[PDB]
Ligand code: HEC
Ligand code: HEM
Ligand code: HEM
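Residue numbers (full-length UniProt numbering), protein chains in the order written: chain A, 487 to 540; chain B, 16 to 205; chain C, 1 to 143; chain D, 52 to 102; chain E, 51 to 283; chain F, 1 to 534; chain G, 17 to 73.
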């Protein structure tokens, strides 16, 4: 029974979920994928940050 | 200034693929050697292994290594931008590979002719699985060369086609190496 | 590609050492609850696993001694270093799905072992592979 | 181009001559299961149609 | 000779078949039938063709690689025969199981074609409804099927006709006499072992195979030729 | 040469000079689709000629003989004269087996060629006004071609044919007023009847061939009169045809494709066995085989009888059998196919005089209905062949019948859904190319780090540096750069070496000059169309 | 001397090389149409001919 809310949540959020404005809704994303857009463009990067650490 | 020398991505891809295929052949090697270890207790191996024909094996080995040499001459021709030398040497390699396929086929036909098949013994099963999978690989390699010839016949010879020829050469060299391993295992180390 | 060419040397040497240790161990230790004697399955696998990792490492090192100081590996590179053409990438292609279906037909053929299914599967498979490899080089329509 | 056309033309010539030879001379009468020459009878129609 | 053979028969029976047939061949409630009175022939057919042991209850048993050799098969058959007998194996004039001597009422050294004619009409009368015209097999209800007859030897064919393995009706030696059965064997082996005069046989499944061949690949090659000769725009 | 004298003598009498000029100058488009119909025509030619050769040996008589021919495995077997003479064709005549197999394979190729040709006509929309008459003629042909072929393989009176004849008779007798009367009319009595095989023989060799020949002649004559349709393209309009003249460059290709089909048939007639009657035995009503389906083109009407759920009506002294409903269903299925262009009119809401074809992607409803009918027909076919399918692929026979039943409802819906969405996606890709240009696949990184793919425009570019969208025209849009010439070989010569450099350069120069000249003439032709349309 | 396809890019071997089994001047795969090209190009230089066409009403 536990997977019923999972399926409904994915189905509902895909089609009417809260829209994401910023590039990192969680706020403190460390990895590089959180610097780009949500969703990314077709080629993933409209601009590359200055990468200097992890 | 000219650009950097970067690794050839397709060469890394095909090398990773051949390293993967080496572990495919590891399984057949393990099965063969377990069969041999069991058989050497009864001495039956020493009887079944006497059915084989080592000079014919040497002849087909010579044919296959000649195929490798012709392939690498074709690769040198390719890196020089010469399409016609590539066509020459790759057609010769195709011929030699087909002759090797015929060599193994005639070997099998004679062997079933004089009393060795898959059902005859554990030696039959091990021998035929180990050599037949490599035979399928050789057939696929000849097909790869013919596809390369299709490519360089239809398209203009850019670096994209040269690296394709270079990449198929890697696969054929791996085929030659695993044949050498199989021959040394089956006809010599036996 | 310097660091990844050289980090592969740990796994391969560990596997090779384990292979030799294991061969000596199983061929000598007559422990109860087990049978003495070299086992070829496992030992062959260990040596050829070391072979796989060694092939990767040696090819990568043999290549890396040729390449230059790429900006992706330079610890203080600027985004302007890699400006230019990155390479050619396939935009779209129907042929991966087609040859997946061809392999499926061949596999079903060997399931039931109907010989015509195997033959048609192999033919269809090489056809789809050829169409994949000639996609961006098919000649223009000859008038 | 002339060579490419003439190759198929000579192939067709030998194919048609081979048909006439196979139709006329190849053994064609029925052979039972145990009979010698069953091979020729069971290749008569295939050979002539092939060529 | 048989008295000591029965001992090996019992030893083999105890170690495989009890779980389905009981120690005293009485059968088990849903797991296997009783084997009283089936005889040598049923055991030989079932074991030599490899149908027994059955490791999974299914719509139907399956032929496969046999679990026992010939001598072990005859030993188990001797043990089962000691419990009530039944139909027996067709032993030739020297005492060996008859193989290649069952090919027709008038067999000398080759298949007589008159026997083939009579056996063909017999097979079409009785056997060809469940199998097909040349014995390529056929389907039945609820997942059962009639196998292709190319696998069996002559003794297996005779004992199959005699015993009626699962859904096959019995054909006793007074319904189909030995002459009729041997002519049927002759026809089966003639159809199996004779190449088709008209080229590759397409399995001899009938209109389905010919249809599939043409309507897929034959038209595909001609549209390929059309694309060669025509244009894409 | 005396050829001029022959031509003079002809035209001074018949005055054909005006007319044959007009004939040779007629223009035919060159799409690969537009010779599928020719395949059927060539097959029909072969069907005629090989059939005429088979009639010098076949004897359509149901009366018996004790066989004594060359096929030893049936010596002494009492058989029909039809079956005996078919066996004598197969065994006693040199090459009669080769011919008989060629006739049968030609029948199969003929029917499937008609099927694929009709699929082309349906999807491309060529049935529309004024050409719907050719549809009404053509559908009749593909009905009669099957009706003939069925009774064609019924003639030998072997065991596999007579069961189909039994099925036909038993279906006719079940019709709810006139079934017994119609059966006694057709067969001359109860089945099997003395006059049965001769009525079917004459129906097969004279009647239906005569009708098919007349209707095919009318069909080709109509196609010639109102000129062939064409796909939208550069310089093409509703009021013109672009292609090649019927000679020299088209008639020779027609001859060549005739040769290819002819030889293909002669190959597959000798290399694959078809209808090996010699191991079926003669017909007698008490015997049957597990796999006893009719020919492939009849399997659909077998499958219908397999999937009908046995609904039978009893009314006092009368009964409507359960097989009346498959007759109704198959008749509805045939009516829908026969009357299609008008039920297309009534819902499409147009009656225009179309001469340009629709690409099937641009008409998702009709192509989706076509794939829906294809899956329906295929489910009927495989349900007809499910006895073999269950035996081979090991699926339960009841499960196959229920797959047929429930699938003839469900699978058409899934086919419609998937086909519709795929067509919309195809035309979306076309619009995407036409408004953004081809995606070369060359990816480059800008100084800002942005990854960009250079797109190669087709039309002009705005001053911002981006293409101006083109309006879609129905003609195919190129989707890659190898389809604009950019992968063509720069080298010239054969295998193993090049041509000399002077020949090389001059040949390439002439090649490129022609490539620009044809572009210029098509461009000017299209501009002339724009001017002439206002 | 050996033949060279004119689609081959020009270079000086004395200070480099064009492509080898190990290294190349690209991170990804080389262009099938030649890395030496410079896309995009003009409409008429493309060779395409866009059709104007209308249908009956
Ligand atoms: C349907 C009612 C059948 C008829 C009529 C005949 N047989 Fe049959 N046969 C049938 C089945 C269901 C099976 C499988 C039995 C099993 O337990 O698997 C068989 C099997 C055979 C065999 C064995 C084939 C094999 O590969 O081992 C043979 C040799 C055989 N049948 C022959 C045969 C003959 C000669 C028949 C006419 C006299 C005949 N059978 C009738 C179902 C049916
Ligand atoms: C043996 C039967 C048939 C023969 C010999 C035949 C022959 C032809 C030929 C040669 C053409 C012109 C070339 C081509 O379109 O490929 C053609 C066109 C046509 N066919 Fe058929 N055909 C047959 C069956 C059918 C069927 C079954 C239909 C439809 C139900 C049909 C409808 C049409 C139409 C409408 C055209 C003209 C379309 C156009 O001009 O684009 N024909 N036919
Ligand atoms: C001039 C026209 C035709 C003549 C004279 C003719 C003649 C014959 C004859 C005499 C037979 C039976 C003899 C034998 O089995 O060899 C036959 C069988 C057959 N005919 Fe025809 N036919 C003609 C047209 C057609 C057409 C147009 C079709 C298909 C639509 C067709 C399909 C068949 C088929 C499938 C068979 C069965 C072949 C076999 O079982 O071997 N025929 N034909």
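Where a beta carbon is used, it is the ideal one built from N, C-alpha and C, also for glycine.
ask   = Residues of chain G with CB under 7 Å from residue 86 of chain C, in chain order?
value = 43, 44
request  = Determine which residues of the segment 446 to 475 of chain F have a Cβ less than 7 Å from any Cβ of chain B, and write them out in chain order.
outcome  = none
ask   = Closest to residue 206 of chain F by CA distance: which of F:242, F:226, F:151, F:159 is it?
value = F:151
Cβ neighbour criterion (16 or more within 10 Å) applied to residue 319 of chain F = exposed
request  = Give the secondary structure of residue 148 of chain E by DSSP, where H, G and I count as helix, E and B as strand, and everything else as coil.
outcome  = coil
task = Kindly indicate if chain B contains any beta-carbon less than 8 Å away from that of residue 117 of chain C.
result = no
query = Beta-carbon of residue 99 of chain E versus every beta-carbon of chain F: anything under 8 Å?
reply = no
task = State the Cα-Cα distance for the pair residue 464 of chain F and residue 475 of chain F, rounded to the nearest angstrom.
result = 28 Å
task = Could you say if the segment 353 to 369 of chain F and the segment 283 to 302 of chain F meet the contact criterion of at least three C-beta pairs nearer than 8 Å?
result = no
inquiry  = In whole angstroms, give me the CA-to-CA distance for residue 36 of chain C and residue 27 of chain C.
reply    = 6 Å
request  = Can you give me the Cβ contacts of residue 125 of chain E inside the same chain, cut-off strictly under 7 Å, excluding the 5 residues immediately before and after it?
outcome  = 55, 58, 59, 62
query = How do the segment 186 to 194 of chain F and the segment 328 to 345 of chain F stand: do at least 3 beta-carbon pairs fall below 8 Å, yes or no?
reply = no
key: Member of C:23, C:77, C:125, C:89 whose CA lies at the smallest distance from the CA of residue 439 of chain F   = C:89
ask   = For the beta strand (DSSP E) that contains residue 164 of chain F, what are its first and last residues?
value = Where residue 164 of chain F is concerned, there is no enclosing beta strand (DSSP E), although the alpha helix (DSSP H) it sits in stretches over 159 to 172.
message = Under DSSP, the alpha helix (DSSP H) around residue 42 of chain F begins and ends at which residues?
response = 36 to 54
ask   = If you draw a straight line from the C-alpha of residue 184 of chain B to the C-alpha of residue 480 of chain F, how long is it?
value = 29 Å
key: residue 223 of chain E versus residue 137 of chain E - alpha carbon distance   = 10 Å
query = What runs of the alpha helix (DSSP H), each 4 residues or longer, lie entirely inside the segment 295 to 331 of chain F?
reply = 299 to 307
query = Can you tell me whether DSSP reads residue 32 of chain C as helix, strand or coil?
reply = coil
query = Grouping DSSP H, G and I as helix and E and B as strand, with all else coil, what is residue 65 of chain C?
reply = coil
ask   = CB of residue 110 of chain E to nearest heavy atom of ligand 1: below 7 Å?
value = yes
request  = Kindly give me the distance between the Cβ atoms of residue 69 of chain G and residue 237 of chain F, rounded to whole angstroms, as I take these residues to be in contact under 8 Å.
outcome  = 7 Å
ask   = Who are residue 196 of chain E's beta bridge partners in DSSP?
value = E:188
message = Residues in the same chain with beta-carbon distance under 7 Å from residue 322 of chain F, minus the five sequence neighbours each way, listed in chain order, please.
response = 308, 310, 311, 312
key: residue 83 of chain E, buried or exposed, once every other Cβ within 10 Å from all chains shown has been counted against 16   = exposed
query = What do you get for residue 421 of chain F, buried or exposed, if any count of 16 or more other CB atoms within 10 angstroms of its CB means buried?
reply = exposed
query = Quick one, are the C-beta atoms of residue 97 of chain F and residue 93 of chain D less than 8 Å apart?
reply = no
ask   = Taking buried to mean at least 16 other C-beta atoms within 10 Å of its own C-beta, is residue 355 of chain F buried or exposed?
value = buried
inquiry  = For residue 174 of chain E, tell me which candidate among E:194, E:141, E:233 has the shortest Cα-Cα distance.
reply    = E:233
ask   = Does any CB atom of chain F fall closer than 8 Å to the CB of residue 63 of chain G?
value = yes
message = Just to confirm before moving on: does the CB-CB distance between residue 484 of chain F and residue 66 of chain G stay below 8 Å?
response = no
key: Sub-8 Å separation of residue 90 of chain F and residue 64 of chain F beta-carbons   = no
message = Strictly below 8 Å CB to CB, what residues from chain F border residue 22 of chain G?
response = 490, 491
request  = Report buried or exposed for residue 507 of chain F, applying the criterion of at least 16 other Cβ atoms within 10 angstroms of its Cβ.
outcome  = exposed
key: Three-state secondary structure assigned by DSSP to residue 283 of chain E   = coil
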